[PDB]
Amino acid sequence: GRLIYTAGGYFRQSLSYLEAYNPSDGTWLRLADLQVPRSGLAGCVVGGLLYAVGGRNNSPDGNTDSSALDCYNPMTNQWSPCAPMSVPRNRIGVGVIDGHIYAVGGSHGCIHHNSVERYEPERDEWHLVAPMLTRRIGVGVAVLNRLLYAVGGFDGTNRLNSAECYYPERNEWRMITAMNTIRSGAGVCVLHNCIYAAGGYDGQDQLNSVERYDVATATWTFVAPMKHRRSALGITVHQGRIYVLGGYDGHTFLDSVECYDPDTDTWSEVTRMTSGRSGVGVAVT
Ligand SMILES: C[C@@H]1CN(c2ccc(C(=O)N3COc4c(cccc4-c4cc(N5[C@@H]6CC[C@H]5COC6)c(C(=O)O)cc4F)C3)c(Cl)c2)[C@H](C)CN1C
């Protein structure tokens with residue numbers, strides 16, 4: 001069995017919560033808090049270990065963007081610091097290829113990174129790789145066919161419908177077909193050989209629309225929209241279905257968790273998070 005882990009987030013200030021949802025029995029485990037509160041981080045798993053990457057601690061005492069990489073072992077219920085990234089990356093995107101973590105874009109104050117760096121858990125080291133063609137914060141990241149895709153975001157001036165992909169063997173990026181919609185702060189994941197981009201902000205409205213990229217045709221197609229429009233949502237895939245967790249809709253910090261079934265092309269509300277929040281990091285293990 002695997003659980004859906006949600007780390008950090010925001011509600012009034014950046015949060016330290018680490019909770020794990022079991023889709024079989026509907027329960028939430030309350031696990032060890034993060035050592036430093038953070039929102040705008042990303043989560044991922046390598047070798048059964050959960051990683052919390054980047055983010056920002058927005059507290060009553062100030063705002064500090066994070067270059068941290070922290071590792072949580074479900075077997076020990078303990079967080080351990082790892083080697084930090086070259087720069088702080090708030091509103092970061094992350095993807096894993098061959099057990100290596102890619103930290104994509106994100107911001108440090110007013111700096112909107114196009115830089116990308118890769119972590120090796122086997123050496124506890126980060127190294128920069130080729131930078132993206134576009135600066136991207138609030139970026140979605142997907143791994144498909146051993147390529148790393150960076151989708152949407154905000155480049156420091158405009159919110160983006162563009163997307164690009166990274167070729168690890170060549171160490172280079174190329175632009176791909178742009179989405180139908182501009183999405184800054186969307187949830188992006190891969191399911192059944194397709195990239196999904198759900199929600200996000202188009203510059204005027206919080207979105208409930210969801211679109212899917214088909215590699216062979218290089219096209220983005222709309223699929224069933226979510227019940228609740230949201231940005232800064234957590235997203236993951238568990239047992240052939242997509243789960244979206246929380247987020248912000250322009251008025252409320254959502255506790256809604258929706259689940260997308262690709263066989264029926266329908267979204268269903270399956271649980272609530274223990275408290276409404278946005279900007280979480282999510283992963284499954
Ligand atoms: C003081 C509070 C502070 N709030 C918030 C404070 C914190 C958060 C939060 O979790 N973060 C900060 O953002 C993000 C986080 C994670 C990923 C993406 C974003 C993000 C949100 C954006 N924004 C778009 C879509 C969401 C956000 C606002 O709406 C336009 C935008 C944009 O602009 O393109 C770009 C983004 F990369 C972490 C949020 Cl979501 C709200 C609210 C604004 C209410 N306020 C009263």
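Residue numbers count from 1 along this sequence. Quick note: numbers below take in every heavy atom, side chains included, and nothing from hydrogens, waters or symmetry partners.
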Quick check: does any side chain N or O of [X] sit under 3.5 Å from a backbone N or O of [Y], one acting as donor and the other as acceptor?
X      : Y      : result
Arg229 : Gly199 : no
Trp126 : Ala83  : yes
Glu164 : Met132 : no
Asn171 : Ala130 : yes

Could you check whether the rings of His113 and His108 sit parallel, tilted or perpendicular, using 30° and 60° as the cut-offs?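 The arrangement is tilted - the two ring planes meet at 30° to 60°.
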Do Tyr102 and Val96 touch side chain to side chain, with heavy atoms closer than 4.5 Å? no
Taking the six-membered ring for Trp and the single ring otherwise, decide whether the centroids of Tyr119 and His100 are under 6.0 Å apart.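 So the answer is no for these two rings.
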Would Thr221 and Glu211 count as a side-chain hydrogen bond (donor to acceptor under 3.5 Å, both in side chains) if you check the C-alpha gap in whole Å, the side-chain angles of each, and the deciding distance to 0.1 Å? CA-CA 5 Å; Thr221 302; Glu211 53 188 304; over 6 Å; no
Which heavy atom of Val210 sits nearest to which heavy atom of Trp267, and what is that distance? CG2-CZ2, 3.7 Å
Residue pairs passing the salt bridge (charged side-chain N to carboxylate O under 4.0 Å, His left out) test with at least one member in residues 236-247, sequence neighbours excluded, are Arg241-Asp261
Option from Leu133, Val129, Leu147 for which side-chain contact (heavy atoms from CB on, under 4.5 Å) with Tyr166 holds: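 The passing option is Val129.
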Would you indicate whether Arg30, at its atom CZ, is surrounded by more than 12 heavy atoms from other residues, nucleotides or ligands within a distance under 6.0 Å?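 Yes.
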Report, as yes or no, whether the 6.0 Å neighbourhood of atom CD on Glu169 holds more than 12 heavy atoms from other residues, nucleotides or ligands. no
Nearest 0.5 Å, please: how far is CE in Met226 from OG in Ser268?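 The CE atom of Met226 is 13.5 Å from OG of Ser268, to the nearest 0.5 Å.
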Before accepting this row, confirm whether a basic side-chain N of the pair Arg146/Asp98 lies closer than 4.0 Å to the acidic partner's carboxylate O.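 Salt bridge between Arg146 and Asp98, a charged N being under 4.0 Å from a carboxylate O: yes.
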